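First to last, the protein sequences are chains K and Z. Following the authors' numbering, the residues of the first sequence are numbered contiguously, the last one being 303. The second sequence runs 1 to 136, 190 to 430 under the authors' numbering. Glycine included, every Cβ here is placed at the ideal spot set by N, Cα and C. Structure, as structure tokens:
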Amino acid sequence: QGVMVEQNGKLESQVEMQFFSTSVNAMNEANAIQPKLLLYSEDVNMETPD
Amino acid sequence: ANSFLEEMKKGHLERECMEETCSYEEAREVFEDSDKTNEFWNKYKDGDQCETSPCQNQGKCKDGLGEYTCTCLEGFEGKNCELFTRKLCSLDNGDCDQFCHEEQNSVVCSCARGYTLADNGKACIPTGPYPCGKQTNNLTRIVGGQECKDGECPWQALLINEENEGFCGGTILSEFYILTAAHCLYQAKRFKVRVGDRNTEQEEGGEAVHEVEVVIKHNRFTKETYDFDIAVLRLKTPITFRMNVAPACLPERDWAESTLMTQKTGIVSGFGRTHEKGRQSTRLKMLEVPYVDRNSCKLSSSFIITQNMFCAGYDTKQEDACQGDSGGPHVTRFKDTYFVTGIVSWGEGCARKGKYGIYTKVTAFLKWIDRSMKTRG
Ligand SMILES: [Ca+2]
Ligand SMILES: [Ca+2]
Ligand SMILES: [Ca+2]
Ligand SMILES: [Ca+2]
Ligand SMILES: [Ca+2]
């Protein structure tokens, strides 16, 4: 459902990751920050016909 | 703990976090911040650390997961703020501004000429209206030199020959006696002193000329090996201390060897030659260079280097003083005040790779200098 965009005369996508991670981050430890939930994010042409 | 519906509402610090495992999260939504959650949580794995009152003398207690952190009052160290920290000359100059002492497991501050100690026990008193040690792409041979700002170099003393051409730089000691190099006197049997010189040709009216009265020079000086090059000359008219004429603080023999010259940097000034085979300099000049170690000092020079010689400058950066700068002011900016360190005599050329400018140790001559005033003062 990702919209398409014309670059160089060819259609290409635009979807782009958005890594994420605990919020407990807020308590001790450091670069120990590891990831824990990748959300993919995109764009549609939403309609509500009826 | 973290059951269903349960956490479909809001936590309560009695309901959950006590009778339950109280992992965290639910321990953190009650405040929603950082101020209380950490400290509060730290006391449920093994207890609170400020129960025991570990720190001493009102040292702030900070809890933690298995440790207590103390933040004591002024001057307290140690694990439980039980250690009463000793102030030493190495440990923050004994809090003294200029002169420190290590008297009987403590510090009792003194001061130099024109300086006394206030009731605070650490800071001095600049009795003198203008205390010593305070600041009261061009081509054509500017060797990193800086023109002194107005009053920035007030101890600058100059020695002028008969033909109205001042040669040797110097540090203004007082109104009556002026230090100089012993061999700066070898230039003539007669010469005078003019102080405050900044530009010989353009006059602002702010120069003072004082005749040289009696020669007080070094006895064991060597005219070849440049051993013990120092001298003292007297001024006929007293120097009224003003913005362009201010004295330079005299350190003590031990103190300048323990703290003053153990600092990294110093300042070199004079009116000598800018470069080898070069011309004289009229605008008042100063330079910025650091002090380097002795273990590279011996390998630099071709003379015999003894305990009275030290090395200052750069091996790489080519900004070095030259002939005619002998006796010039070589001061170091201490914590808040200048104190003289070196006196120029010679140099194996000027600005040579791997070489240093030679300055005689002032503190190795300060007991010599102080002897000069109580014999014929
Ligand atoms: Ca809750
Ligand atoms: Ca209860
Ligand atoms: Ca509950
Ligand atoms: Ca429960
Ligand atoms: Ca909760």
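Query, Result
"State the Cα-Cα distance for the pair K/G255 and K/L264, rounded to the nearest angstrom.", "11 Å"
"For a cutoff of 8 Å on Cβ pairs, would you count Z/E32 as touching chain K?", "no"
"Go ahead and pull the three-state DSSP assignment for Z/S398.", "coil"
"With a CB to CB cut of under 6 Å and the five nearest residues on each side skipped, what residues in its chain are close to Z/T335?", "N252, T253"
"From Z/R273, Z/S311, Z/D368, pick the residue whose C-alpha is nearest to that of Z/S90; which is it?", "Z/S311"
"Compare the C-beta of K/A279 against all C-beta atoms of chain Z and say whether one is closer than 8 Å.", "yes"
"Among Z/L65, Z/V108, Z/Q56, which has the Cα closest to the Cα of Z/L83?", "Z/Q56"
"What's the C-alpha gap between Z/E218 and Z/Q333?", "10 Å"
"Note down the Cα distance separating Z/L88 from Z/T290, rounded to an integer number of angstroms.", "43 Å"
"Should Z/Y279 and Z/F363 be called a contact, given that it needs their Cβ atoms to be closer than 8 Å?", "no"
"Quick check: does the Cβ of Z/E25 come within less than 7 Å of any heavy atom belonging to ligand 3?", "no"
"Could you tell me which chain K residues have their CB closer than 8 Å to the CB of residue 464 of chain Z, listed as they occur along the chain?", "No information on residue 464 of chain Z is available, as it lies outside the stretch 1 to 430 that chain Z covers here."
"Any idea what DSSP makes of K/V277, helix, strand or coil?", "helix"
"Hey, is the segment 413-427 of chain Z in contact with the segment 391-399 of chain Z, meaning 3+ C-beta pairs nearer than 8 Å?", "yes"
"Please state the DSSP three-state secondary structure of Z/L340.", "strand"
"Check for me: the beta strand (DSSP E) holding K/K263 runs from which residue to which?", "263-265"
"With DSSP collapsed to three states, give me the class of Z/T224.", "strand"
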